[PDB]
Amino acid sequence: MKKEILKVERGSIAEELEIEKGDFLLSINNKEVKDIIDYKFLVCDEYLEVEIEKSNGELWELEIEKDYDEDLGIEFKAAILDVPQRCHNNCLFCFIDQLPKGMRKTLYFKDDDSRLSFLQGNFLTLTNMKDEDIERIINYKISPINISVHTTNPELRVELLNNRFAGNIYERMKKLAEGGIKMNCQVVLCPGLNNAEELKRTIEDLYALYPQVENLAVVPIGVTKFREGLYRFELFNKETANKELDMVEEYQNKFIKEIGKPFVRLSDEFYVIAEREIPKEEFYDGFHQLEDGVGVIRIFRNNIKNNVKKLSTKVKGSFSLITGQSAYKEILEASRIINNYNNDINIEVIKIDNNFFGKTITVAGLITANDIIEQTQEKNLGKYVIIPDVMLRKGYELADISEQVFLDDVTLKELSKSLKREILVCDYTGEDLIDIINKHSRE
């Protein structure tokens, strides 16, 4: 049951303590690590005594203080009996299947249900998990378990995921709830398949498990232009987004009356498509779903409103902000707020159409360098170009220059040379935009 180490994350605890690829993980707090479920339980602790066998045979005993939810930074080889490295689905909407061919290999990995995704707490369909796995999760009180539900209608879920076990999800969630496990849930909403009365059923079934099921996020199906031969979806438009938002509002009103929270939320893209006003900050209850596209517009507006009073009024600067279709109106309004506060901050916002993936793709993080270059050829860029960090692969801050990459594998430095401008990377929530402008403007 010794576990060969395959990867050590830059900046991690394991790296600090000189754990390396090819070392072996032997035990944590005197317990063997049988698989990823044991591992997740054992690292939920502020103190770990870790036994490592080095590749050269040395035995190390490490004393490790850490935050309870802090990761060690190691990935290790799967056991013969373990959570799989891949999903067991063929979702009708699978985002991997609608990638164009020829991109970097890691983009095609069907790893959203993998052992490493489970460890990170991503949304899981659980179709590749055995009942014994669920029972061990309960016994270990591994919580929360975040679940891609889509529908609690068993036959409908089998049809959406193409896995013969996929109808088990509601019985499995009931088991988790009865075991005291907390769950956050997601639905990918496909008009004519799992919306309307089907989403009503899903909402009702999930709320029956409150407070173990803590909330439900509903996101719209998104497509690229590369769906030849794949299932043909109807997309939400302004009419049907407004209809779905109105339908779900009946449930949100019920839940606000009962428990003081909306429980189910539709993601920001629904409000953009519907041209509907973004809810106030209280609706988002601490903004814990930002990485799932829920509450990002409102927190962005909040961060600009809060921080613009910190913009120096004595400086001058020029900036070009790069964004996509869904965010353009919000970024434009932030630029107007900034320029109203100090009109010597010359800011233009440049919307990039997603010709690479197809213009049905609209969120800012899917903009490629190729499209930025092509669509700024006839622009007079400001001294600094600012992009949001969602346009780069995760880890860019600590990464080597060659590893700060857009989805088309152009690096941040290469794009800067192409644009003949220094490029600044800002937090996609807007938290540091004013600060970056202050630091790059002249008195």
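So that there is no doubt, residue numbering starts at 1 and follows the sequence shown.
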Name the higher of the two by mean Cα B-factor in the PDB entry, 44 to 52 versus 372 to 380. 372 to 380
State which stretch shows the higher mean Cα B factor in the entry: 393 to 401 or 33 to 41. 393 to 401
Out of 328, 255, 123, 231, which shows the largest CA B-factor listed in the entry? 231
For the listed 240, 85, 340, 195, which has the peak Cα B-factor recorded in the PDB entry? 340
Give the position of residue 168 by CA B-factor within its chain, expressed as the lowest, middle or highest third. highest
Cα B factor band for residue 154 (lowest, middle or highest third within the chain): middle
Please say which third, lowest, middle or highest, residue 80 falls into when its CA temperature factor is compared across its chain. highest
Grab the CA temperature factor for residue 104 from the record and place it in the lowest, middle or highest third of its chain. highest
Within this chain's modelled residues, let me know which third the CA B factor of residue 304 belongs to: lowest, middle or highest. middle
